[PDB]
Amino acid sequence: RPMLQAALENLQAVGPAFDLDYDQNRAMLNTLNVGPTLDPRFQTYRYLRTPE
Amino acid sequence: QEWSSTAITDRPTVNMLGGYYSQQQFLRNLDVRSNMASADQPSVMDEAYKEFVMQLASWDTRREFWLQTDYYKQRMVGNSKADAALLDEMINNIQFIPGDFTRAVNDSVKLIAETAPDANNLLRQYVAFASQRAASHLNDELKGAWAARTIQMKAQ
Amino acid sequence: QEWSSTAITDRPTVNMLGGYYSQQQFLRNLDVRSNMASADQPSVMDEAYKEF
Amino acid sequence: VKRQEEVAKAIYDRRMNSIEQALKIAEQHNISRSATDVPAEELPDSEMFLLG
């Protein structure tokens with residue numbers, strides 16, 4: 001009887017058990033919440049014959 | 001008078017892509033560890049150049065460029081019909097020729113003007129004008145995919 | 001009189017596809033887990049343009 | 001490297017909390033013997049109360 005009551009109390013105060021895969025996703029989600037950094041005015045070509 | 005000018009272009013380099021290169025790389029790697037995606041995809045430099053070519057040969061880009069060029073605003077009679085007729089003619093003065101990769105031919109663009117100094121001054125501005133539009137379009141694509149990935153991860 | 005006008009179109013992008021893009025992608029993942037689908041499936045924007 | 005560092009810290013903090021809670025329960029129910037010979041290295045986060 002008594003330690004069985006103890007088991008209920010201990011598991012109640014700990015909560016659900018999580019694996020490693022859960023923790024990795026949370027760390028990745030933090031970076032995604034920051035958001036991308038946008039810098040305009042970057043070239044999208046290069047010259048092989050400049051106009052003259 | 002009909003003076004002329006010419007230019008030839010190719011793909012950009014990793015150095016000139018700025019910080020856009022790193023973020024695009026980060027999102028693609030998410031798509032290959034999960035989602036069971038990705039293949040022999042073209043590089044980041046390939047897709048950026050493909051967007052630039054589309055804007056260069058667009059009928060809408062040429063019409064927009066002339067409307068703020070300060071070389072067409074001086075030749076404005078004032079009559080609506082005359083202005084529309086003139087604008088259509090100047091749009092046809094820019095020609096784009098796609099290149100062939102087996103024959104080792106690259107893409108070229110040609111412009112026609114009335115004076116020799118104007119022939120190359122206008123062509124330099126047009127290429128810069130078309131490049132800015134392509135850069136802005138790529139940023140919106142990156143933002144859209146970034147938000148879509150956040151929603152998918154937040155639910156899982 | 002017989003006047004005329006012309007227009008040219010192309011495939012859309014992720015931005016104007018709205019919320020339809022995410023929901024369509026969700027179903028494809030379950031089709032990768034079950035009833036095997038081909039790896040080189042056409043993109044979502046490719047199919048939307050084909051209907052238009 | 002930064003992401004891997006914060007993942008390991010989260011797991012370490014969770015293990016610290018579980019140990020502390022099990023200590024209070026053990027002293028309240030006055031259990032001092034070792035009920036199970038399984039070493040604490042491989043025990044689920046629920047059952048530390050099965051220790052003196």
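Here Cβ is always computed from backbone atoms with ideal geometry, including for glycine, and neighbour counts include all displayed protein chains. Please treat every number below as a calculation from the coordinates, not as lab data.
May I ask you to derive the FRET efficiency for B:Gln25 and D:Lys9 from their Cβ-Cβ distance with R0 = 45 Å, giving the value to the nearest 0.05?
On the way: r = 27 Å, r/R0 = 0.60.
The computed FRET efficiency comes out at 0.95.
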The farthest towards the positive end of the charge dipole of segment B:29-73, of the residues B:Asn35, B:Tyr71, B:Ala48, given +1 on Cβ of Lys and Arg and -1 on Cβ of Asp and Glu, is B:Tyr71
Over all viewing directions the Cα convex hull of segment B:34-116 casts an average projected area in nm² of 9.5 nm²
Only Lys, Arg, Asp and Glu count, each charged at its Cβ (+1, +1, -1, -1), so figure out the dipole size of chain A about its Cα centre, rounded to 20 debye.
240 debye
Tell me the label-point distance for the pair C:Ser4, B:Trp3, using the 7 Å Cα-to-Cβ offset, in nm and rounded to one decimal.
3.6 nm
Write out the chymotrypsin sites (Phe, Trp or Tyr not before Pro) in chain A meeting two conditions: DSSP loop, and at most 16 other Cβ atoms within 10 Å of their Cβ.
A:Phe18
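May I ask which of B:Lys73/B:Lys143; B:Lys50/B:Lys110; B:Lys73/B:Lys110; B:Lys81/B:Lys110; B:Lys73/C:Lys50; B:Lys50/D:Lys2 have a Cα-Cα span longer than 31 Å here?
Values: B:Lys73/B:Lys143 37 Å; B:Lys50/B:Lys110 19 Å; B:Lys73/B:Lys110 22 Å; B:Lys81/B:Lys110 27 Å; B:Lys73/C:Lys50 41 Å; B:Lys50/D:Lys2 35 Å.
Over 31 Å Cα-Cα: B:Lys73/B:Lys143; B:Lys73/C:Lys50; B:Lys50/D:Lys2.
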In chain A, taking the dipole from +1 charges on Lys and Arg beta carbons and -1 charges on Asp and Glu beta carbons about the Cα centre, the listed residue (A:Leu11, A:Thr50, A:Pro36) farthest towards the positive end is A:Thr50
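As a test of understanding, state the convex hull volume per residue of the protein assembly as shown from its alpha carbons, in Å³.
Working: hull volume 78.9 nm³, N = 312.
Taking the convex hull of the Cα positions in the protein assembly as shown, it is 253 Å³ per residue.
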Could I have the simple spin-label model distance between A:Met28 and B:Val14, label points 7 Å from Cα toward Cβ, reported in nm to one decimal?
2.4 nm
Jot down the radius of gyration and Dmax of chain D, Cα atoms only, both in angstrom.
13.8, 44
Across the residues of B:53-60, average count of Cβ atoms on other protein chains within 10 Å?
1
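Let me have the 222 nm mean residue ellipticity of the protein assembly as shown computed from DSSP H runs of 4+ only, each contributing -39500 (n - 2.57), with the sum over all residues rounded to the nearest 500.
Details: 10 runs with 163 residues, N = 312.
About -17500 deg cm²/dmol.
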Here, trypsin sites (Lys or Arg not before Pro) of chain A satisfying both criteria (DSSP loop; at most 10 other Cβ within 10 Å) are A:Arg41
Taking segment B:60-155, which GluC sites (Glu not before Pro) meet the DSSP loop condition and have no more than 13 other C-beta atoms within 10 Å?
B:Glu114
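What is the magnitude of the charge dipole of chain D about its Cα centre, with +1 placed on the Cβ of each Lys and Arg, -1 on the Cβ of each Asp and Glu, and no other charges, expressed in debye to the nearest 20? Can you show the working numbers first?
On the way: 7 positive and 10 negative charges, 39 e Å.
So the dipole magnitude of chain D works out to roughly 180 debye.
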Using label points projected 7 Å from each Cα along Cα→Cβ, tell me how many nm separate A:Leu20 and D:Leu43, to one decimal.
2.3 nm
Which of the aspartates and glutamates could a cross-linker bridge to B:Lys154, judged by Cα under 20 Å and excluding same-chain residues fewer than eight apart?
A:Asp19, A:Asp21, A:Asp23, B:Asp31, D:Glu6
Based on alpha-carbon atoms only, what is the radius of gyration of chain A relative to the globular estimate 2.2 N^0.38 Å?
2.83
Take the alpha-carbon centre of segment D:1-35, take the same for segment B:11-27, and report the distance between them in whole Å.
45 Å
